[PDB]
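Data from start-v1.txt: compact mmCIF, C-alpha atoms
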```txt
# COMPACT_ATOMS: atom_id res chain seq x y z
CA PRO A 102 0.00 0.00 0.00
CA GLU A 103 2.80 2.45 0.81
CA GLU A 104 6.43 2.98 -0.16
CA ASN A 105 7.99 0.87 2.60
CA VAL A 106 5.40 -1.70 3.69
CA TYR A 107 4.83 -5.11 2.13
CA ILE A 108 1.91 -7.40 2.97
CA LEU A 109 1.84 -11.19 2.73
CA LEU A 110 -1.56 -12.69 2.35
CA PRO A 111 -2.44 -16.18 3.59
CA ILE A 112 -3.70 -18.25 0.67
CA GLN A 113 -5.37 -21.50 1.84
CA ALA A 114 -2.97 -24.51 1.76
CA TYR A 115 -3.17 -28.17 2.95
CA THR A 116 -6.85 -27.58 3.86
CA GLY A 117 -9.55 -30.10 4.73
CA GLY A 118 -11.46 -30.62 7.98
CA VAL A 119 -14.81 -32.09 8.92
CA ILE A 120 -17.55 -30.12 10.76
CA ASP A 121 -19.77 -32.31 13.04
CA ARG A 122 -22.23 -30.17 14.98
CA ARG A 123 -23.99 -32.99 16.88
CA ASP A 124 -20.51 -33.67 18.33
CA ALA A 125 -18.96 -30.33 19.28
CA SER A 126 -15.26 -30.82 19.90
CA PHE A 127 -12.74 -28.22 18.86
CA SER A 128 -10.56 -31.18 18.92
CA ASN A 129 -11.88 -33.71 16.39
CA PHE A 130 -11.81 -30.99 13.73
CA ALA A 131 -8.12 -30.36 14.40
CA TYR A 132 -7.36 -34.07 14.39
CA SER A 133 -9.16 -34.52 11.07
CA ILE A 134 -7.11 -31.75 9.49
CA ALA A 135 -3.87 -33.02 11.02
CA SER A 136 -4.36 -36.60 9.80
CA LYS A 137 -4.76 -35.47 6.20
CA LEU A 138 -1.76 -33.19 6.63
CA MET A 139 0.29 -36.14 7.88
CA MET A 140 -0.80 -38.19 4.87
CA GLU A 141 0.31 -35.38 2.56
CA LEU A 142 3.68 -34.94 4.27
CA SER A 143 4.42 -38.67 4.37
CA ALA A 144 3.47 -39.16 0.72
CA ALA A 145 5.57 -36.19 -0.42
CA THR A 146 8.69 -37.66 1.22
CA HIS A 147 8.38 -41.39 0.50
CA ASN A 148 11.96 -42.59 -0.11
CA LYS A 149 13.02 -39.04 -0.99
CA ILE A 150 15.68 -36.85 0.59
CA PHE A 151 15.38 -33.31 -0.88
CA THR B 152 -41.49 -51.12 22.71
CA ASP B 153 -41.08 -48.78 19.71
CA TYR B 154 -41.36 -45.01 20.00
CA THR B 155 -40.24 -42.10 17.82
CA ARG B 156 -37.22 -40.52 19.48
CA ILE B 157 -35.13 -37.69 18.09
CA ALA B 158 -31.50 -38.08 19.20
CA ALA B 159 -29.02 -37.59 22.03
CA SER B 160 -25.95 -35.94 20.50
CA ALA B 161 -24.08 -33.01 22.12
CA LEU B 162 -27.46 -31.32 22.65
CA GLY B 163 -29.80 -31.96 25.57
CA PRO B 164 -30.63 -35.56 26.42
CA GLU B 165 -32.94 -37.85 24.47
CA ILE B 166 -36.16 -35.94 23.77
CA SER B 167 -39.30 -37.53 22.39
CA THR B 168 -41.94 -36.58 19.81
CA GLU B 169 -44.67 -39.20 20.19
CA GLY B 170 -48.06 -37.48 20.05
CA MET B 171 -48.97 -34.94 17.40
CA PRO B 172 -46.00 -32.97 16.08
CA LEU B 173 -45.72 -29.84 18.18
CA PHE B 174 -45.50 -27.74 14.97
CA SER B 175 -49.11 -28.60 14.03
CA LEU B 176 -50.51 -26.76 17.05
CA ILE B 177 -49.36 -23.39 15.68
CA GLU B 178 -52.02 -23.74 12.97
CA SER B 179 -54.58 -25.98 14.66
CA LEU B 180 -54.95 -23.52 17.56
CA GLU B 181 -54.06 -20.23 15.81
CA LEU B 182 -51.58 -19.39 18.55
CA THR B 183 -50.18 -15.88 18.85
CA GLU B 184 -46.55 -14.79 19.11
CA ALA B 185 -46.50 -14.54 22.91
CA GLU B 186 -47.47 -18.22 23.25
CA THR B 187 -45.64 -19.94 20.38
CA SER B 188 -42.37 -18.99 22.07
CA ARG B 189 -43.17 -21.55 24.78
CA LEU B 190 -43.44 -24.46 22.32
CA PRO B 191 -39.64 -24.95 22.02
CA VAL B 192 -39.49 -25.09 25.82
CA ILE B 193 -42.15 -27.82 25.86
CA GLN B 194 -40.27 -29.74 23.18
CA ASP B 195 -36.97 -29.44 25.05
CA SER B 196 -38.49 -30.46 28.40
CA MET B 197 -39.60 -33.91 27.19
CA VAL B 198 -36.94 -36.08 28.79
CA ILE B 199 -37.16 -39.86 29.24
CA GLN B 200 -36.98 -41.43 32.71
CA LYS B 201 -35.84 -44.98 33.45
CA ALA C 353 -8.70 -81.86 17.37
CA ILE C 354 -9.00 -78.11 17.92
CA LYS C 355 -11.36 -78.56 20.86
CA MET C 356 -9.13 -81.18 22.48
CA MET C 357 -6.08 -78.96 22.02
CA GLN C 358 -7.90 -76.05 23.66
CA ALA C 359 -9.14 -78.20 26.54
CA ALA C 360 -5.54 -79.14 27.37
CA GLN C 361 -4.51 -75.52 27.96
CA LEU C 362 -7.15 -73.46 29.75
CA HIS C 363 -7.47 -75.54 32.98
CA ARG C 364 -11.19 -74.66 33.01
CA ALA C 365 -12.47 -75.45 29.49
CA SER C 366 -12.78 -79.21 29.92
CA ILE C 367 -14.82 -80.99 27.26
CA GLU C 368 -18.52 -81.57 27.92
CA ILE C 369 -20.06 -84.64 26.29
CA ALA C 370 -23.54 -84.51 24.75
CA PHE C 371 -25.19 -87.93 24.84
CA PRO C 372 -27.79 -89.17 22.35
CA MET C 373 -31.39 -88.16 22.92
CA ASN C 374 -34.16 -90.44 24.23
CA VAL C 375 -32.15 -93.63 23.59
CA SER C 376 -30.64 -95.44 26.57
CA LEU C 377 -28.16 -98.32 26.48
CA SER C 378 -28.15 -98.74 22.72
CA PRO C 379 -25.44 -101.18 21.58
CA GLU C 380 -23.30 -98.46 19.98
CA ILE C 381 -23.41 -96.30 23.12
CA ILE C 382 -21.70 -99.04 25.15
CA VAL C 383 -18.79 -99.51 22.77
CA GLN C 384 -18.37 -95.76 22.25
CA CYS C 385 -18.26 -95.28 26.02
CA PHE C 386 -15.63 -98.02 26.28
CA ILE C 387 -13.50 -96.38 23.59
CA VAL C 388 -13.76 -93.04 25.38
CA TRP C 389 -12.86 -94.69 28.69
CA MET C 390 -9.69 -96.39 27.47
CA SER C 391 -8.57 -93.88 24.82
CA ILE C 392 -9.33 -90.30 26.00
CA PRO C 393 -7.25 -88.88 28.88
CA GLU C 394 -9.21 -88.29 32.06
CA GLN C 395 -7.87 -84.79 32.75
CA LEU C 396 -9.39 -83.42 29.52
CA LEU C 397 -12.97 -84.28 30.50
CA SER C 398 -15.47 -82.67 32.83
CA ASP C 399 -16.47 -84.38 36.05
CA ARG C 400 -20.01 -84.85 34.75
CA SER C 401 -18.86 -86.56 31.55
CA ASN C 402 -16.48 -88.82 33.47
CA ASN D 705 -7.59 0.70 7.30
CA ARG D 706 -3.92 1.27 6.44
CA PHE D 707 -4.02 -1.83 4.21
CA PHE D 708 -7.59 -2.47 3.00
CA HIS D 709 -10.29 -0.15 1.71
CA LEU D 710 -13.11 -2.40 2.94
CA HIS D 711 -12.63 -5.32 5.31
CA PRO D 712 -14.97 -7.55 7.33
CA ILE D 713 -12.76 -7.07 10.44
CA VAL D 714 -14.84 -5.78 13.38
CA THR D 715 -14.35 -5.27 17.13
CA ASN D 716 -17.42 -5.86 19.29
CA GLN D 717 -17.44 -7.31 22.76
CA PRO D 718 -19.74 -10.35 22.47
CA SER D 719 -22.82 -10.73 24.63
CA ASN D 720 -25.03 -13.83 24.81
CA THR D 721 -22.60 -16.19 23.12
CA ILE D 722 -24.27 -19.18 21.47
CA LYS D 723 -22.35 -22.40 22.07
CA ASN D 724 -23.32 -24.21 18.86
CA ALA D 725 -24.15 -23.09 15.33
CA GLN D 726 -27.11 -25.50 15.26
CA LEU D 727 -28.85 -23.57 18.05
CA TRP D 728 -28.94 -20.49 15.82
CA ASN D 729 -30.52 -22.37 12.90
CA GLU D 730 -33.25 -24.11 14.90
CA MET D 731 -34.22 -20.96 16.81
CA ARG D 732 -37.37 -19.10 15.85
CA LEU D 733 -37.18 -15.82 13.95
CA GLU D 734 -38.54 -13.64 16.76
CA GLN D 735 -36.11 -15.03 19.33
CA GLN D 736 -33.32 -14.50 16.80
CA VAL D 737 -34.26 -10.84 16.35
CA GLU D 738 -34.51 -10.43 20.12
CA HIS D 739 -31.01 -11.87 20.51
CA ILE D 740 -29.69 -9.57 17.79
CA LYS D 741 -31.31 -6.42 19.22
CA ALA D 742 -29.70 -6.78 22.67
CA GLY D 743 -26.22 -6.33 21.23
CA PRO D 744 -23.55 -8.17 19.25
CA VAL D 745 -23.85 -11.96 19.34
CA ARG D 746 -21.00 -14.42 18.81
CA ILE D 747 -21.49 -17.78 17.08
CA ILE D 748 -18.84 -20.31 18.07
CA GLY D 749 -18.15 -23.31 15.86
CA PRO D 750 -15.77 -23.96 12.98
CA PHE D 751 -16.71 -22.61 9.56
CA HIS D 752 -15.27 -23.13 6.10
CA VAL D 753 -14.07 -19.73 4.87
CA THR D 754 -12.46 -18.63 1.61
CA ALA E 805 -85.71 -22.28 11.09
CA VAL E 806 -84.34 -25.61 9.83
CA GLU E 807 -85.75 -27.17 13.03
CA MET E 808 -89.37 -27.96 13.83
CA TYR E 809 -91.67 -26.72 16.63
CA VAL E 810 -90.47 -29.28 19.18
CA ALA E 811 -86.76 -29.16 20.00
CA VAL E 812 -84.60 -32.14 20.96
CA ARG E 813 -81.87 -31.18 23.42
CA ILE E 814 -79.09 -32.67 25.55
CA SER E 815 -78.86 -32.44 29.33
CA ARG E 816 -75.21 -33.21 30.16
CA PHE E 817 -71.82 -32.86 28.51
CA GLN E 818 -68.22 -33.55 29.50
CA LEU E 819 -65.29 -31.71 27.94
CA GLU E 820 -61.74 -31.16 29.16
CA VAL E 821 -60.41 -27.60 29.33
CA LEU E 822 -56.76 -26.70 29.82
CA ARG E 823 -55.13 -23.57 31.20
CA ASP E 824 -51.44 -23.92 30.28
CA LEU E 825 -49.61 -25.70 27.48
CA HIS E 826 -47.34 -27.48 29.97
CA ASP E 827 -50.33 -29.52 31.19
CA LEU E 828 -50.85 -31.06 27.73
CA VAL E 829 -48.16 -33.74 28.29
CA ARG E 830 -48.86 -37.29 29.51
CA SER E 831 -46.82 -40.47 29.96
CA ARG E 832 -46.73 -44.07 28.70
CA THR E 833 -44.41 -46.98 29.46
CA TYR E 834 -42.19 -49.00 27.12
CA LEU E 835 -39.67 -51.85 27.40
CA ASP E 836 -36.27 -50.22 26.69
CA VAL E 837 -34.80 -53.11 24.70
CA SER E 838 -31.36 -51.55 25.25
CA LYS E 839 -31.11 -53.47 28.53
CA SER E 840 -33.94 -56.05 28.35
CA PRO E 841 -34.19 -57.12 24.71
CA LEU E 842 -37.00 -59.26 23.38
CA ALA E 843 -36.13 -62.94 23.30
CA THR E 844 -35.80 -65.31 20.36
CA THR E 845 -34.99 -69.00 19.92
CA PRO E 846 -36.31 -70.38 23.24
CA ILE E 847 -34.30 -72.64 25.51
CA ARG E 848 -33.30 -75.97 23.91
CA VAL E 849 -31.25 -79.10 24.84
CA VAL E 850 -27.85 -79.79 23.16
CA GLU E 851 -27.65 -82.94 20.99
CA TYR E 852 -26.12 -81.87 17.66
CA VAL E 853 -22.91 -79.78 17.97
CA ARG E 854 -21.59 -78.73 14.51
CA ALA F 554 -19.01 -79.32 23.46
CA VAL F 555 -18.62 -82.49 21.39
CA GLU F 556 -20.87 -85.38 20.42
CA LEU F 557 -20.22 -88.82 21.85
CA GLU F 558 -19.84 -90.43 18.43
CA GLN F 559 -17.44 -87.73 17.20
CA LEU F 560 -15.27 -88.15 20.29
CA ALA F 561 -15.31 -91.94 19.93
CA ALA F 562 -14.31 -91.64 16.27
CA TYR F 563 -11.48 -89.28 17.20
CA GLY F 564 -10.22 -91.67 19.87
CA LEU F 565 -10.53 -94.88 17.85
CA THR F 566 -8.47 -93.75 14.87
CA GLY F 567 -5.39 -92.32 16.53
CA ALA F 568 -5.66 -88.63 15.71
CA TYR F 569 -3.39 -85.75 16.70
CA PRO F 570 -3.03 -82.08 15.79
CA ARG F 571 -0.53 -81.50 12.99
CA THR F 572 1.41 -78.34 12.15
CA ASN F 573 3.23 -77.44 8.94
CA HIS F 574 4.92 -74.30 10.32
CA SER F 575 7.94 -73.60 12.50
CA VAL F 576 8.22 -71.97 15.91
CA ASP F 577 9.78 -68.80 14.51
CA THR F 578 6.83 -68.27 12.17
CA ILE F 579 4.30 -68.55 15.00
CA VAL F 580 6.30 -66.16 17.17
CA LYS F 581 6.52 -63.69 14.29
CA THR F 582 2.76 -63.81 13.71
CA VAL F 583 1.99 -63.25 17.39
CA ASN F 584 4.42 -60.33 17.52
CA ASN F 585 2.87 -58.81 14.40
CA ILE F 586 -0.65 -58.88 15.80
CA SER F 587 0.57 -57.51 19.14
CA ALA F 588 2.35 -54.63 17.39
CA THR F 589 -0.74 -53.85 15.31
CA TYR F 590 -2.92 -53.80 18.43
CA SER F 591 -0.48 -51.53 20.26
CA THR F 592 -0.20 -49.08 17.36
CA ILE F 593 -3.98 -48.97 16.97
CA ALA F 594 -4.39 -48.20 20.67
CA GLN F 595 -1.72 -45.49 20.61
CA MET F 596 -3.36 -43.80 17.62
CA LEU F 597 -6.83 -44.13 19.14
CA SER F 598 -5.71 -42.49 22.38
CA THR F 599 -5.48 -39.04 20.76
CA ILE F 600 -9.12 -38.59 19.74
CA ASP F 601 -11.91 -38.19 22.29
CA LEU F 602 -15.10 -40.20 22.80
CA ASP F 603 -16.73 -39.54 26.14
CA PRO F 604 -19.55 -41.83 27.31
CA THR F 605 -21.97 -38.97 28.08
CA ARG F 606 -22.55 -37.69 24.56
CA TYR F 607 -24.48 -40.42 22.73
CA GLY F 608 -26.53 -43.50 23.52
CA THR F 609 -25.16 -46.93 24.25
CA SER F 610 -25.35 -47.84 20.53
CA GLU F 611 -24.47 -44.61 18.75
CA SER F 612 -21.26 -44.61 20.79
CA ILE F 613 -20.46 -48.12 19.54
CA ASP F 614 -21.09 -47.04 15.95
CA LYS F 615 -18.90 -43.95 16.37
CA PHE F 616 -16.13 -46.09 17.83
CA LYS F 617 -16.35 -48.48 14.87
CA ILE F 618 -16.11 -45.58 12.42
CA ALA F 619 -13.14 -44.11 14.28
CA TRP F 620 -11.37 -47.48 14.29
CA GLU F 621 -11.90 -47.96 10.56
CA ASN F 622 -10.71 -44.43 9.81
CA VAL F 623 -7.57 -44.80 11.94
CA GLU F 624 -6.80 -48.19 10.39
CA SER F 625 -7.13 -46.79 6.86
CA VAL F 626 -5.13 -43.67 7.76
CA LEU F 627 -1.93 -44.94 9.34
CA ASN F 628 -1.38 -48.61 8.53
CA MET F 629 -1.65 -50.40 5.22
CA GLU F 630 -4.57 -52.77 4.73
CA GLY F 631 -4.20 -56.09 6.53
CA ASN F 632 -6.39 -58.42 8.57
CA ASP F 633 -6.51 -56.89 12.09
CA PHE F 634 -7.02 -60.13 14.00
CA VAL F 635 -8.27 -58.41 17.15
CA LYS F 636 -10.68 -56.22 15.17
CA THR F 637 -12.30 -59.21 13.47
CA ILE F 638 -12.46 -61.12 16.76
CA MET F 639 -14.29 -58.20 18.37
CA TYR F 640 -16.62 -57.81 15.39
CA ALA F 641 -17.62 -61.47 15.12
CA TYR F 642 -18.65 -62.10 18.74
CA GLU F 643 -20.31 -58.75 19.44
CA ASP F 644 -23.70 -60.44 19.89
CA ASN F 645 -22.45 -62.58 22.79
CA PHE F 646 -22.11 -59.53 25.06
CA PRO F 647 -24.58 -56.99 26.43
CA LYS F 648 -24.10 -53.55 24.94
CA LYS F 649 -22.91 -51.83 28.13
CA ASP F 650 -20.10 -54.26 28.91
CA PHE F 651 -19.17 -54.49 25.23
CA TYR F 652 -18.73 -50.71 25.18
CA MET F 653 -16.71 -50.87 28.40
CA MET F 654 -14.42 -53.53 26.96
```
Can you turn what I pasted into C-alpha cells?
Amino acid sequence: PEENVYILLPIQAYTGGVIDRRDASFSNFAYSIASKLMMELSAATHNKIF
Amino acid sequence: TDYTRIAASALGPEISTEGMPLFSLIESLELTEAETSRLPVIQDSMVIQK
Amino acid sequence: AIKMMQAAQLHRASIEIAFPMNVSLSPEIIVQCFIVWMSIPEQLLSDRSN
Amino acid sequence: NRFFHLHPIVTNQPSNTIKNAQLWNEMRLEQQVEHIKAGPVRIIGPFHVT
Amino acid sequence: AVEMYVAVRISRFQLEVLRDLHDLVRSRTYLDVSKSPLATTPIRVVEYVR
Amino acid sequence: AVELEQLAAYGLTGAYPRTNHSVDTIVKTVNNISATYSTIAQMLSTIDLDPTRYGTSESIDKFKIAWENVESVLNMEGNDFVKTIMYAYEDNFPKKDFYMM
C-alpha cells in the first residue's frame, strides 16, 4: 500500500477438515485436518531426501 | 417397545416426539406470538426417565 | 482336534459330552463309552462326563 | 484501514454467546431478532471460509 | 328455522379444558430393549454340535 | 461341546493335531498382531469419545467408524485379527459391557 510496507496474504494450503455439529469438539476438527496433513507430508517424502 | 425418538448428541438428552407434532398446534390452535415462544421449551423439556 | 487342544490348555475349558437323545443303552453307546474310557485322557474331561 | 479499503474485520465485545451453530438455525425468527437487538452476538463453531 | 316446533336437546356434557400448554403432556411406558431385549430361539437341549 | 460319536471316532483312529509351520513363524505372527494392536491403541488415544454424549449404541457405531478411519489412515490394509475377533462375537455380550471392553 505504501512505499515501505509489504503485505503477505495467507492463501489457503493443505486444507480439509470435517464439521460435526452434533458432536462439538474443537478437537476432532483439528485431528481430522492433522491426519490429512500427515498423509500429505508422508506421501511427499516417500523414499526421498530433498 | 417402539417409539419415535429424536436423538441424544451433544445437545440436551434424548427428547421424544410421540403425540402430534408440536409444529401442528401453531395452525390448529391459531396461537399468537406470545405463546408460540413456549413451544420450544415444551419440546426441550420432554426427557425420558428410566 | 481343535477342541481337544484347547481343553488341554485353559485348565477350566474341559470338554462336555452330549449324549444321544431319548435312547438309553443302545449297543453303539456301550462300545463308544468303552472307547472313550480307554482312549481319551481323564484330565481333559469334565467331572459330569467322566 | 492502512491496508484495506473495505474489510470484514470488526471489534465488538460479544454478549449472549451461542455455544453451537445449530442452536442459531433451529431458533425461531422472533427469538433470533430479540437476541440480535440486545447487542452483538457471537457464534462459536468452525466454519469453512475462503 | 331448519328445526321444527319441538326441539330435541341434551342435558349433560363432558369436555376437558386446559389452562397452560405445559399440562398437555402425559406419559406411557415402554420396554427399553437396550437393557432387556425381546427374546428369540427359546431354551433348547444340546444334541447336535456342529 | 462335542458329540459322543465324534469323540469316539477321534479316539478310535489315533488322531493328533498336525502343524506345517515352525516356531519362529508362530512367534513372528503373534508379535505382528501384538504390534498392530499396540499401534492402533496409541493412535486411538489421541481422539476423544466420552460416554456422556451419545446413547449406548451410537457410541459403539462412532467407535467403529473411528477405528476404521484410523486403520485406513496410518497402517496399510491387513487383517486386524483383534478387530475381526471383536466384530464377530459382538452379539455374545450386552451392549454396556461391550462398550466398556
Between atom CA of residue A:111 and atom CA of residue D:753, what is the distance in Å, rounded to a tenth?
12.2 Å
Would you list the contacts of residue E:839 as a compact mmCIF listing (two decimals) with C-alpha atoms, in the frame of the given file, taking every protein, DNA or RNA residue within 12 Å and counting all atoms listed in the file, but skipping same-chain residues closer than 6 positions in sequence?
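Output below, filename result_0.txt:
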```txt
# COMPACT_ATOMS: atom_id res chain seq x y z
CA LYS B 201 -35.84 -44.98 33.45
CA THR F 609 -25.16 -46.93 24.25
CA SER F 610 -25.35 -47.84 20.53
CA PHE F 646 -22.11 -59.53 25.06
CA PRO F 647 -24.58 -56.99 26.43
CA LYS F 648 -24.10 -53.55 24.94
CA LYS F 649 -22.91 -51.83 28.13
CA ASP F 650 -20.10 -54.26 28.91
```
Residues of chain F near chain A: apply a cut-off of 8 Å, count only C-alpha atoms, and supply the list as a PDB file with C-alpha atoms, in the frame of the given file.
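What landed in result_31.pdb:
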```
ATOM      1  CA  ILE F 600      -9.120 -38.590  19.740  1.00  0.00           C
ATOM      2  CA  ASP F 601     -11.910 -38.190  22.290  1.00  0.00           C
ATOM      3  CA  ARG F 606     -22.550 -37.690  24.560  1.00  0.00           C
ATOM      4  CA  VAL F 626      -5.130 -43.670   7.760  1.00  0.00           C
TER       5      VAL F 626
END
```
Using only C-alpha atoms, which residues sit within 12 Å of residue C:390 once same-chain residues fewer than 6 positions away are excluded, as a list in words?
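The residues that qualify are residues 383, 384 and 402 of chain C; 561, 564 and 565 of chain F.
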Counting only C-alpha atoms, what is within 12 Å of residue B:186, bar same-chain residues fewer than 3 positions away, as an mmCIF file with C-alpha atoms, in the frame of the given file?
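Generated output (selection_9.cif):
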```cif
data_model
loop_
_atom_site.group_PDB
_atom_site.id
_atom_site.type_symbol
_atom_site.label_atom_id
_atom_site.label_comp_id
_atom_site.auth_asym_id
_atom_site.auth_seq_id
_atom_site.Cartn_x
_atom_site.Cartn_y
_atom_site.Cartn_z
ATOM 1 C CA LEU B 176 -50.510 -26.760 17.050
ATOM 2 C CA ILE B 177 -49.360 -23.390 15.680
ATOM 3 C CA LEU B 180 -54.950 -23.520 17.560
ATOM 4 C CA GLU B 181 -54.060 -20.230 15.810
ATOM 5 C CA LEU B 182 -51.580 -19.390 18.550
ATOM 6 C CA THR B 183 -50.180 -15.880 18.850
ATOM 7 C CA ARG B 189 -43.170 -21.550 24.780
ATOM 8 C CA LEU B 190 -43.440 -24.460 22.320
ATOM 9 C CA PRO B 191 -39.640 -24.950 22.020
ATOM 10 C CA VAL B 192 -39.490 -25.090 25.820
ATOM 11 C CA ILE B 193 -42.150 -27.820 25.860
ATOM 12 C CA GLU D 734 -38.540 -13.640 16.760
ATOM 13 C CA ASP E 824 -51.440 -23.920 30.280
ATOM 14 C CA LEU E 825 -49.610 -25.700 27.480
ATOM 15 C CA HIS E 826 -47.340 -27.480 29.970
#
```
Within 8 Å of chain E, which residues of chain C show up when using only C-alpha atoms, listed as an mmCIF file with C-alpha atoms, in the coordinates of the input?
```
data_model
loop_
_atom_site.group_PDB
_atom_site.id
_atom_site.type_symbol
_atom_site.label_atom_id
_atom_site.label_comp_id
_atom_site.auth_asym_id
_atom_site.auth_seq_id
_atom_site.Cartn_x
_atom_site.Cartn_y
_atom_site.Cartn_z
ATOM 1 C CA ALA C 370 -23.540 -84.510 24.750
ATOM 2 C CA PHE C 371 -25.190 -87.930 24.840
ATOM 3 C CA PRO C 372 -27.790 -89.170 22.350
ATOM 4 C CA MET C 373 -31.390 -88.160 22.920
#
```
